[PDB]
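# A look at the structure
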Amino acid sequence: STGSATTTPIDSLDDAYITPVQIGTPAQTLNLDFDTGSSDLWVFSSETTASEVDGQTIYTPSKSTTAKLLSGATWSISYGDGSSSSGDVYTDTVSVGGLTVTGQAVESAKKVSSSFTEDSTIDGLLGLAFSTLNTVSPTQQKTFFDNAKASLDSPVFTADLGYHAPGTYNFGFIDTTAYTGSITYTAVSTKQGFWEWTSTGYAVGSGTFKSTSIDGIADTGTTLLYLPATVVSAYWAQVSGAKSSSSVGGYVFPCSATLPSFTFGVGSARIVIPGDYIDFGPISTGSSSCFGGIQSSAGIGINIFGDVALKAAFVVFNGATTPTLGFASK
Ligand SMILES: NCc1ccc(C(F)(F)F)cc1
Ligand SMILES: NCc1ccc(C(F)(F)F)cc1
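- Per the deposited record, the coordinates in this entry were obtained by X-ray crystallography to a resolution of 1.79 Å.

- The protein chain carries the name Endothiapepsin in the PDB entry, which gives Cryphonectria parasitica as its organism.
- The title field of the PDB entry reads "Endothiapepsin in complex with compound TL00150 at room-temperature (temperature ramping down structure 5)".
- Entered under Sequence similarities in the UniProt record, the comment concerning the protein chain runs "Belongs to the peptidase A1 family."

Rendered as structure tokens:
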């Protein structure tokens, strides 16, 4: 079987993408952030502290005839940005675009950090990294993808994120009408639990392609592109007036400038990120300084191919026994 769902940017900057997901019987529809950088399906719920909820749709297990409390199980997660949440665990039926999984672990948030409370458009996360990163204790739980793998026609899902426009998450099949040319596949290391791969190099604008290995993760749950300091310096050196700002915490540039494109290598193929994709607008309302979509990974410890890069391509997450990542222009 297969599944297909539309994903929609939450704001005018493509800061995140939400996808409707049906939980429980009868269905309770929540808009979740599909995150290939984590492995927990957690939701705002009727158990979440009342002061920590500001407009989100909540999951109510007491109204679901298929929800079962997973006795003794707890979860606690901390994200690379300092976000955090925790609670208990239910099992319930979960459907994504027609694709249904029974007995999926649904982690009910009892406490959420402020960054989640202030985001009224995101009702929770659906993790799509490898199940070894799941935080449920004492019994680790499988992701939605891992539980659906056996029933899928093909053990793959694809991300087709839009630039200021809706996109598509497909489960179980590859839409050959959604990309141009061929798909270039590259090896994935699962040793850290991520969709970790190695890019073959980069180029800035119309400049020479620099062949160099960049190890990083494909993360739909991260907004920006985080690359080594040498690469990021070479990019912003081509933008007049650009500078790294300690008070802002990243590279900023004059909003009147035009940004060059950024190319990254996938094997022998090249994915081109248009310069417009790197513009994330004024650092504050009315400011003439704009925030850059390519930032240094030095403070993070790992390079992250976030939405800025991924939305420039059709991306195949091949969860075969030897997992691979496929990239294609679109
Ligand atoms: N999108 C989930 C995520 C967030 C942060 C990280 C970090 F910081 F650990 F790399 C990995 C995955
Ligand atoms: N990378 C996972 C993630 C996704 C969204 C958020 C936000 F936007 F809610 F802060 C935090 C962490």
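Having seen the model, we can carry on.
### Observations regarding the overall build of the protein chain
- Helix and strand counts for the protein chain stand at four helices and 24 strands.
- Relative to the 2.2 N^0.38 estimate, which gives 20 Å for 330 residues, the radius of gyration of the protein chain is 20 Å and therefore close to what a compact globule would have.
- Dimensions of the protein chain along its principal axes, counting C-alpha atoms only, are 60 × 45 × 30 Å.
- Taking as baseline every contact in the protein chain between residues at least 6 positions apart, the subset at least 24 positions apart corresponds to 65%.

### Overview of the packing of aromatic side chains
- Across all of its chains, the model carries 25 aromatic pairs by this definition.
- With centroids separated by 5.5 Å and ring planes inclined at 50 degrees, the aromatic side chains of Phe264 and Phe305 adopt a geometry described as tilted. Placement of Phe264 in strand 17 (residues 262-266) and of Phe305 in strand 22 (residues 303-305) is noted, with a sequence separation of 41 residues between them.
- Ring-pair connections join several aromatic residues into one group, and the members of that group are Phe34, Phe130, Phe144, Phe145, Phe157, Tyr169, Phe171, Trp195 and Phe317.
- Here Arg270 stacks its cationic end above the ring of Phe209, 3.8 Å away from the centre of that ring.

Analysis parameters
- Residues numbered from 1 in each chain as written, not as in the entry; some residues may be left out.
- Chains lettered and ligands numbered in written order.
- Heavy atoms only, no water.
- Residues with missing side-chain atoms left out of burial classes, pairs and counts.
- UniProt positions renumbered as here; feature names shortened; annotations may be inferred.
- Helix = DSSP H or I, 4+ residues; strand = E, 2+ residues; numbered from the N terminus.
- Rg over C-alpha atoms; globule rule 2.2 N^0.38 Å.
- Contact = heavy atoms within 4.5 Å.
- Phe/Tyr/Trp six-rings, centres within 6.5 Å; stacked < 30°, edge-to-face > 60°.
- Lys NZ or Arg CZ within 6 Å of the ring centre and 35° of its normal.

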